[PDB]
There are 2 protein chains.
Amino acid sequence: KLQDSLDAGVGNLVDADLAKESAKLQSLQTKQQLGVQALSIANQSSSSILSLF
Amino acid sequence: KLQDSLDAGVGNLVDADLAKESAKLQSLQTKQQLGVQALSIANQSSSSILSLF
């Protein structure tokens with residue numbers, strides 16, 4: 001009985017909640033996809049200078 | 001006569017009542033059958049996490 005209590009206590013200390021990690025993973029994947037597109041938008045600046053010359 | 005008295009006395013000391021043991025046995029068998037089912041119910045927890053990923 002004591003060993004079961006100690007195992008449960010350590011698990012309570014260091015375990016995670018995967019239900020929350022799923023939501024965080026979804027939001028972060030969407031944000032990374034948006035960040036790549038934002039970097040692509042930022043790269044195409046200064047390309048309009050060539051028309052002046 | 002004395003030997004009969006002593007045998008009856010020892011029997012009175014260490015004998016059981018089987019009428020009560022029958023009822024206790026029935027209740028304990030039912031409780032064990034319920035305990036196996038309860039353990040089976042407890043095992044199937046955390047199986048719903050996989051749907052989140």
# chains A, B, ... in the order shown; residues from 1 in each chain; ligands from 1
>>> interface_residues(of="chain B", to="chain A", cutoff="8 Å", atoms="only C-alpha atoms", output="ChimeraX atom specification")
/B:49,52-53
>>> calpha_fit_and_write(fixed="chain B", moving="chain A", output="compact mmCIF listing (two decimals) with N, CA, C and O atoms, in the first residue's frame")
# COMPACT_ATOMS: atom_id res chain seq x y z
N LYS A 1 -18.39 -40.94 31.15
CA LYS A 1 -19.17 -39.71 31.20
C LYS A 1 -18.28 -38.47 31.19
O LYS A 1 -18.55 -37.49 30.49
N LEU A 2 -17.19 -38.50 31.96
CA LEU A 2 -16.25 -37.38 32.02
C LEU A 2 -15.59 -37.13 30.67
O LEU A 2 -15.41 -35.98 30.27
N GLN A 3 -15.19 -38.20 29.98
CA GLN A 3 -14.57 -38.01 28.67
C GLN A 3 -15.55 -37.38 27.69
O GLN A 3 -15.17 -36.52 26.88
N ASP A 4 -16.82 -37.79 27.74
CA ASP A 4 -17.82 -37.14 26.89
C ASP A 4 -17.93 -35.65 27.21
O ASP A 4 -18.01 -34.82 26.29
N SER A 5 -17.93 -35.30 28.50
CA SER A 5 -18.01 -33.89 28.87
C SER A 5 -16.83 -33.10 28.33
O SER A 5 -17.00 -31.98 27.81
N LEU A 6 -15.62 -33.65 28.44
CA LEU A 6 -14.44 -32.92 27.97
C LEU A 6 -14.44 -32.75 26.45
O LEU A 6 -14.07 -31.69 25.94
N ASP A 7 -14.84 -33.79 25.72
CA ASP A 7 -14.93 -33.67 24.27
C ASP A 7 -15.94 -32.61 23.87
O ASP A 7 -15.68 -31.79 22.97
N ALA A 8 -17.11 -32.59 24.52
CA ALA A 8 -18.10 -31.57 24.23
C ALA A 8 -17.58 -30.17 24.54
O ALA A 8 -17.86 -29.22 23.80
N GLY A 9 -16.82 -30.03 25.62
CA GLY A 9 -16.27 -28.73 25.96
C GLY A 9 -15.28 -28.21 24.92
O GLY A 9 -15.33 -27.05 24.52
N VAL A 10 -14.37 -29.08 24.48
CA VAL A 10 -13.42 -28.65 23.45
C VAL A 10 -14.14 -28.29 22.16
O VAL A 10 -13.83 -27.29 21.50
N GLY A 11 -15.13 -29.11 21.77
CA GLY A 11 -15.91 -28.78 20.60
C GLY A 11 -16.60 -27.44 20.72
O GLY A 11 -16.65 -26.66 19.77
N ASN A 12 -17.14 -27.15 21.90
CA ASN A 12 -17.74 -25.84 22.14
C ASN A 12 -16.71 -24.73 22.00
O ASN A 12 -17.04 -23.61 21.60
N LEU A 13 -15.46 -25.02 22.35
CA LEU A 13 -14.42 -24.00 22.24
C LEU A 13 -14.09 -23.68 20.78
O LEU A 13 -14.02 -22.51 20.41
N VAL A 14 -13.87 -24.70 19.95
CA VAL A 14 -13.21 -24.42 18.68
C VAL A 14 -14.10 -24.64 17.46
O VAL A 14 -13.64 -24.50 16.35
N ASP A 15 -15.38 -24.95 17.64
CA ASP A 15 -16.23 -25.26 16.49
C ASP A 15 -16.80 -23.99 15.87
O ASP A 15 -16.83 -22.93 16.49
N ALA A 16 -17.25 -24.12 14.62
CA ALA A 16 -17.81 -23.02 13.86
C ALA A 16 -19.31 -23.23 13.65
O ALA A 16 -19.87 -24.28 13.96
N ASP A 17 -19.96 -22.21 13.11
CA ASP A 17 -21.38 -22.23 12.78
C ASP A 17 -21.48 -22.10 11.27
O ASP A 17 -21.29 -21.02 10.72
N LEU A 18 -21.77 -23.21 10.59
CA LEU A 18 -21.71 -23.22 9.13
C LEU A 18 -22.87 -22.46 8.50
O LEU A 18 -22.76 -22.00 7.36
N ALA A 19 -23.98 -22.31 9.23
CA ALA A 19 -25.10 -21.54 8.71
C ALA A 19 -24.71 -20.10 8.44
O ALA A 19 -25.16 -19.49 7.47
N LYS A 20 -23.86 -19.53 9.30
CA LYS A 20 -23.40 -18.16 9.09
C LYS A 20 -22.34 -18.09 8.00
O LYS A 20 -22.28 -17.12 7.23
N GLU A 21 -21.49 -19.12 7.92
CA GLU A 21 -20.45 -19.14 6.90
C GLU A 21 -21.04 -19.22 5.51
O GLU A 21 -20.46 -18.68 4.57
N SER A 22 -22.18 -19.89 5.34
CA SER A 22 -22.82 -19.92 4.02
C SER A 22 -23.21 -18.53 3.55
O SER A 22 -22.94 -18.14 2.41
N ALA A 23 -23.85 -17.75 4.43
CA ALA A 23 -24.26 -16.40 4.07
C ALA A 23 -23.05 -15.52 3.78
O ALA A 23 -23.03 -14.75 2.80
N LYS A 24 -22.02 -15.62 4.62
CA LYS A 24 -20.82 -14.82 4.39
C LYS A 24 -20.15 -15.20 3.07
O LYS A 24 -19.67 -14.33 2.35
N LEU A 25 -20.13 -16.49 2.75
CA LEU A 25 -19.54 -16.94 1.49
C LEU A 25 -20.30 -16.38 0.29
O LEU A 25 -19.68 -15.95 -0.69
N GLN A 26 -21.63 -16.41 0.35
CA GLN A 26 -22.41 -15.85 -0.76
C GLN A 26 -22.10 -14.37 -0.96
O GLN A 26 -21.84 -13.92 -2.08
N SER A 27 -22.13 -13.60 0.13
CA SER A 27 -21.88 -12.17 0.00
C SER A 27 -20.48 -11.89 -0.52
O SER A 27 -20.29 -11.01 -1.37
N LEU A 28 -19.48 -12.65 -0.06
CA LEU A 28 -18.11 -12.41 -0.50
C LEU A 28 -17.91 -12.80 -1.95
O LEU A 28 -17.16 -12.13 -2.67
N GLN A 29 -18.54 -13.87 -2.41
CA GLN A 29 -18.44 -14.23 -3.82
C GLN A 29 -19.04 -13.14 -4.71
O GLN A 29 -18.45 -12.76 -5.73
N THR A 30 -20.21 -12.61 -4.32
CA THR A 30 -20.79 -11.52 -5.09
C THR A 30 -19.88 -10.29 -5.09
O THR A 30 -19.69 -9.65 -6.12
N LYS A 31 -19.29 -9.97 -3.93
CA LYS A 31 -18.42 -8.80 -3.86
C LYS A 31 -17.17 -8.97 -4.70
O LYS A 31 -16.69 -8.00 -5.29
N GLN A 32 -16.61 -10.18 -4.76
CA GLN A 32 -15.45 -10.41 -5.62
C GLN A 32 -15.80 -10.28 -7.09
O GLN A 32 -15.03 -9.70 -7.88
N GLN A 33 -16.96 -10.81 -7.49
CA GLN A 33 -17.40 -10.64 -8.88
C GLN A 33 -17.57 -9.17 -9.21
O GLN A 33 -17.25 -8.74 -10.33
N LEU A 34 -18.09 -8.38 -8.27
CA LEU A 34 -18.22 -6.95 -8.52
C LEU A 34 -16.87 -6.25 -8.55
O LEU A 34 -16.68 -5.29 -9.30
N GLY A 35 -15.92 -6.71 -7.74
CA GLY A 35 -14.60 -6.10 -7.73
C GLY A 35 -13.83 -6.30 -9.01
O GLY A 35 -13.12 -5.39 -9.46
N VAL A 36 -13.95 -7.48 -9.62
CA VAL A 36 -13.30 -7.69 -10.91
C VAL A 36 -13.86 -6.74 -11.97
O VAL A 36 -13.11 -6.14 -12.75
N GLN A 37 -15.18 -6.58 -12.00
CA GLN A 37 -15.80 -5.65 -12.93
C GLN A 37 -15.39 -4.21 -12.66
O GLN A 37 -15.19 -3.43 -13.60
N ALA A 38 -15.27 -3.83 -11.38
CA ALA A 38 -14.83 -2.47 -11.06
C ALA A 38 -13.40 -2.23 -11.52
O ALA A 38 -13.08 -1.15 -12.03
N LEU A 39 -12.52 -3.21 -11.35
CA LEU A 39 -11.16 -3.08 -11.86
C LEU A 39 -11.16 -2.96 -13.38
O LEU A 39 -10.40 -2.16 -13.95
N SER A 40 -12.00 -3.73 -14.05
CA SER A 40 -12.11 -3.62 -15.50
C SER A 40 -12.58 -2.23 -15.92
O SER A 40 -12.08 -1.68 -16.91
N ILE A 41 -13.53 -1.65 -15.19
CA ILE A 41 -13.96 -0.28 -15.48
C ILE A 41 -12.81 0.69 -15.28
O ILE A 41 -12.60 1.60 -16.09
N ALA A 42 -12.05 0.52 -14.20
CA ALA A 42 -10.96 1.46 -13.91
C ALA A 42 -9.85 1.38 -14.94
O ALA A 42 -9.19 2.39 -15.21
N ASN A 43 -9.61 0.21 -15.53
CA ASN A 43 -8.54 0.08 -16.52
C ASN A 43 -8.81 0.93 -17.75
O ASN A 43 -7.90 1.57 -18.28
N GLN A 44 -10.05 0.95 -18.23
CA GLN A 44 -10.36 1.60 -19.50
C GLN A 44 -10.27 3.11 -19.44
O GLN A 44 -10.58 3.76 -20.45
N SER A 45 -9.86 3.71 -18.33
CA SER A 45 -9.64 5.14 -18.30
C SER A 45 -8.39 5.50 -19.11
O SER A 45 -7.54 4.66 -19.40
N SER A 46 -8.31 6.77 -19.49
CA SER A 46 -7.22 7.37 -20.26
C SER A 46 -7.13 6.83 -21.69
O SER A 46 -6.19 7.19 -22.40
N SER A 47 -8.06 5.99 -22.12
CA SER A 47 -8.07 5.53 -23.51
C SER A 47 -8.60 6.58 -24.47
O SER A 47 -8.42 6.45 -25.68
N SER A 48 -9.26 7.63 -23.95
CA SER A 48 -9.85 8.65 -24.80
C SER A 48 -8.87 9.75 -25.19
O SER A 48 -9.24 10.66 -25.93
N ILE A 49 -7.63 9.68 -24.70
CA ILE A 49 -6.64 10.70 -25.04
C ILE A 49 -6.28 10.64 -26.52
O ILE A 49 -6.03 11.67 -27.15
N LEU A 50 -6.25 9.44 -27.09
CA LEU A 50 -5.75 9.27 -28.45
C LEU A 50 -6.58 10.04 -29.47
O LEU A 50 -6.05 10.44 -30.51
N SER A 51 -7.86 10.25 -29.19
CA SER A 51 -8.71 11.01 -30.11
C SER A 51 -8.29 12.47 -30.22
O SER A 51 -8.59 13.11 -31.23
N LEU A 52 -7.59 13.00 -29.21
CA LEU A 52 -7.19 14.40 -29.25
C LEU A 52 -6.05 14.62 -30.23
O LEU A 52 -5.90 15.72 -30.78
N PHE A 53 -5.23 13.60 -30.47
CA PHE A 53 -4.09 13.72 -31.37
C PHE A 53 -4.34 13.00 -32.68
O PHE A 53 -4.27 13.60 -33.75
>>> select_by_dssp(residues="chain B", states="helix (DSSP H, G or I)", output="number ranges by chain")
B: 2-14, 18-43, 47-52
